[PDB]
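Just so we're aligned: the first sequence equals residues 1193 to 1519 in this note's numbering. Note that CB positions come from ideal geometry on N, CA and C, so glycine has one too. Below: one structure, written as structure tokens.
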Amino acid sequence: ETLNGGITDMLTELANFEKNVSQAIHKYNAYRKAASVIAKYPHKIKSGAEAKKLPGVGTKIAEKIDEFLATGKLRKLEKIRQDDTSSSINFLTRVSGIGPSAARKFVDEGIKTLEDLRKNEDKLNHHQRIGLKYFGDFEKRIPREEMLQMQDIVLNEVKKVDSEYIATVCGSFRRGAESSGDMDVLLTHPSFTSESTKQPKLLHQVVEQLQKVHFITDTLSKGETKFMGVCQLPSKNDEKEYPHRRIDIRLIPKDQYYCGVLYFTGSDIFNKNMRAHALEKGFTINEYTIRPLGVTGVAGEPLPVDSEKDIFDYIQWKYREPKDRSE
DNA sequence: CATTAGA
DNA sequence: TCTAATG
Ligand code: NA
Ligand code: NA
């Protein structure tokens, strides 16, 4: 967690550089584990060989290690830090719809600046275009203050169309969190579950609604289960407009909300940690279900949930507020 | 890791 | 189809 700081840190640098700049999945994959072992490692690593002794830690890494152990730097790390070509990529990627593969190509054609992108708005697809459009706005964090207005508004339509709907903004916003990235409203409806072969309009109905009232302004992808778009709080009585937000809404089988619901509300840990709990409490939890564990190794038979409650009740926990889903 | 664009 | 990007 700290003793191994600089090592682990450089390692991930390196690592990331591989994947991104180069199409070096192996190396890339290499550093990570390397980076991973030593993290877990209990002592203050002192040198190449010292590391060396570990699974994953080979010669290559080791070497770089010492030099780092020697100079508070590393070369390759430095060069890459320098190289526009590589820095160029790390930049492009910031655009929704822009990835490494694109970032690289985009570069070879020479696009390297956000401005470059404008100039070749055509060379980009509706995603990235939208990605590019609201570029500034996407980087900004979401105020909880805002978070609720929005929240309010969304629920406002959901119910409006049909009362039978149930939608939930999951995440951090949900964990009391001061700010969010993008909001996630986990959708579902009674008439829809594990079997009742869809009702696509189920989604479509909503999306439409929000578009109607002007909350969603753009679509990034509408599927018949997941939608990804961009929204905005009606910019009040002139003088101050809202930034453009990323939103995501998804349909769910009322027979898996809570589950899927427990899950997204995390935290990323509370989950592993809650997930870690059900294993010993004779269960299994994953994004949609709770399965009673059978001694053969595995088992099946997904247990019937009506609130975030049952799950705790099942594996037998203390119901914990979203507030307290901290770790 | 599953869902949507694309091409 | 496959592959990329998002989550
Ligand atoms: Na070793
Ligand atoms: Na991106």
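Below 7 Å CB to CB, which residues in the same chain sit around residue i once its five sequence neighbours on both sides are set aside?
i, result
"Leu1485", "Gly1474, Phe1475, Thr1476, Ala1491"
"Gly1323", "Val1287, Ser1288, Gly1289, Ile1290"
"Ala1226", "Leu1203, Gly1248, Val1249, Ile1253"
"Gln1401", "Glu1349, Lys1352, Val1353"
"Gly1198", "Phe1260"
For residue i, which beta-bridge partners are listed by DSSP?
i, result
"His1381", "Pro1445"
"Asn1478", "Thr1481"
"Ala1359", "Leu1379"
"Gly1421", "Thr1411, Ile1439"
"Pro1335", "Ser1371"
With a CB to CB cut of under 6 Å and the five nearest residues on each side skipped, what residues in its chain are close to residue i?
i, result
"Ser1427", "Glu1433, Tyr1434"
"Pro1292", "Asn1212"
"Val1399", "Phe1419"
Over what stretch of residues does the alpha helix (DSSP H) that includes residue i continue unbroken?
i, result
"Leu1284", "1276-1284"
"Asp1308", "1306-1311"
"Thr1194", "It is not in any alpha helix (DSSP H) - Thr1194 carries neither H nor E in the DSSP assignment."
"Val1299", "1292-1300"
"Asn1465", "1460-1470"
"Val1497", "Looking at the DSSP string, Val1497 is not in any alpha helix (DSSP H), and its letter there is neither H nor E."
"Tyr1220", "1217-1232"
"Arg1321", "1318-1325"
"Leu1402", "1393-1404"
"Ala1491", "That residue, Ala1491, is in no alpha helix (DSSP H); it is neither H nor E in DSSP."
"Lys1515", "Here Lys1515 belongs to no alpha helix (DSSP H), and DSSP marks it neither H nor E."
Mind checking which residues open and close the beta strand (DSSP E) that includes residue i?
i, result
"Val1287", "First-last for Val1287: undefined, no H or E at that position."
"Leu1266", "It is not in any beta strand (DSSP E) - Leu1266 carries neither H nor E in the DSSP assignment."
Going by beta carbon distance, what residues of the same chain come within less than 8 Å of residue i, once the five residues before and after it are set aside?
i, result
"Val1299", "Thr1277, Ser1280, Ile1281, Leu1284"
"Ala1369", "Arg1336, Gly1363"
"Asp1440", "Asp1374, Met1375, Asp1376, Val1377, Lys1418, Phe1419, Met1420, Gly1421"
"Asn1312", "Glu1301, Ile1303"
Check your reading: residues with Cβ closer than 7 Å to ligand 2 heavy atoms:
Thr1285, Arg1286, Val1287, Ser1288, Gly1289, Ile1290, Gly1291, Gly1323
Taking contact to mean 3 or more Cβ pairs, one atom from each stretch, closer than 8 Å, check whether the stretch 1247-1261 and the stretch 1200-1209 are in contact.
yes
Within the chosen definition, does the stretch 1377-1391 reach the stretch 1440-1449 through at least 3 CB pairs nearer than 8 Å?
yes
Are the stretch 1450-1465 and the stretch 1489-1509 touching, with three or more C-beta to C-beta distances below 8 Å?
yes
Across the stretch 1511-1518 and the stretch 1453-1470, are there enough close Cβ pairs to call them in contact, namely three or more that are closer than 8 Å?
yes
With three or more beta-carbon pairs closer than 8 Å as the criterion, would you say the stretch 1380-1395 touches the stretch 1410-1417?
yes
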